[PDB]
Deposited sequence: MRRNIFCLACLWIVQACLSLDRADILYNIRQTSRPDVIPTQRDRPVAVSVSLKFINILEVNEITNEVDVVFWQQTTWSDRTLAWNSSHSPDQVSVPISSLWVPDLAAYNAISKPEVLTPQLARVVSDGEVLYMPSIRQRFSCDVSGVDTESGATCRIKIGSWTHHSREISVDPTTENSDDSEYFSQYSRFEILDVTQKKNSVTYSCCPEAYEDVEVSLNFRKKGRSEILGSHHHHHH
């Protein structure tokens, strides 16, 4: 198979509205934020404006093809794929996607989608000008899929990606799995809590 045939097959059979659950087991979505920049911080309003790469991976076996004498990977517009309905629960702006809306699909049906996103959050900015710094917690999970349909799995150098020219510096980035239950709904929603420990230079 060549790229043209694989991309034709994916475009024609996609089902972007269909979560690719296998035998009633959840789709395992891995999420990791790579912080690139901290653009604006307000200790009064407890608001941060940040740029991060939202590394997102999951498996969709309906995309898979025989890799023998074929590419191992193709670039696919996300309009042709099911994508996790991830939201930042404490976002106060729409995610502004800075990059081409393409994901990498591996021949086994693994999808790697890593948009660069600029977004504003409501989080703890207190202590940003101290040596301990602020710890801003960003919570990311499925908006409509509970633990039986989507699970969020949090799994090196925090400053490998971070701009040397930022007014701020990153002390630590921790990612923990959590679960939130709401009075509307008997179901638990999995999220990743991203703790951004940072300070002014």
- Task: Mind pulling out the bits of the deposited sequence that never got modelled, as residue ranges from 1?
- Result: 1 to 19, 175 to 177, 224 to 237
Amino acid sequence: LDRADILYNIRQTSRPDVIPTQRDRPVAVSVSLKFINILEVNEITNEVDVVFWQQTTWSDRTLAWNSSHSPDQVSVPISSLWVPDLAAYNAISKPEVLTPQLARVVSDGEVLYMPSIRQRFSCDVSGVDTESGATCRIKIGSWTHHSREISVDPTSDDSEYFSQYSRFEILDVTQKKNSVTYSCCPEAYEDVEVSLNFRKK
From here on, numbers count along this sequence of modelled residues.
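Just so we're on the same page, rigid core means the largest C-alpha set that superposes within 1.5 Å between forms.
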- With everything overlaid on the rigid core, name the stretch, 172 to 180 or 143 to 151, whose CA atoms wander farther on average in 7 other deposited structures of this protein. 172 to 180
- Return whichever of 51 to 59 or 38 to 46 has the larger RMS Cα deviation from the displayed form in 7 other deposited structures of this protein, where every structure is aligned on the rigid core. 38 to 46
- Give the stretch, out of 125 to 133 and 87 to 95, with the larger mean C-alpha temperature factor in the deposited entry. 125 to 133
- Task: Going by the average Cα B-factor in the PDB entry, point out whether 172 to 180 or 53 to 61 comes out higher.
- Result: 172 to 180
- Can you pull the Cα B-factors for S163, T45, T144, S30 from the entry and say which is highest? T45
- Message: Quick check for you: using the entry's CA B-factors within this chain, is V192 in the lowest, middle or highest third?
- Response: middle
- Query: According to the PDB entry, is the CA B factor of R25 in the bottom, middle or top third of its chain, that is, lowest, middle or highest?
  - Reply: highest
- Message: Could you place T13 in the lowest, middle or highest third of its chain by Cα temperature factor, using the values in the record?
- Response: middle
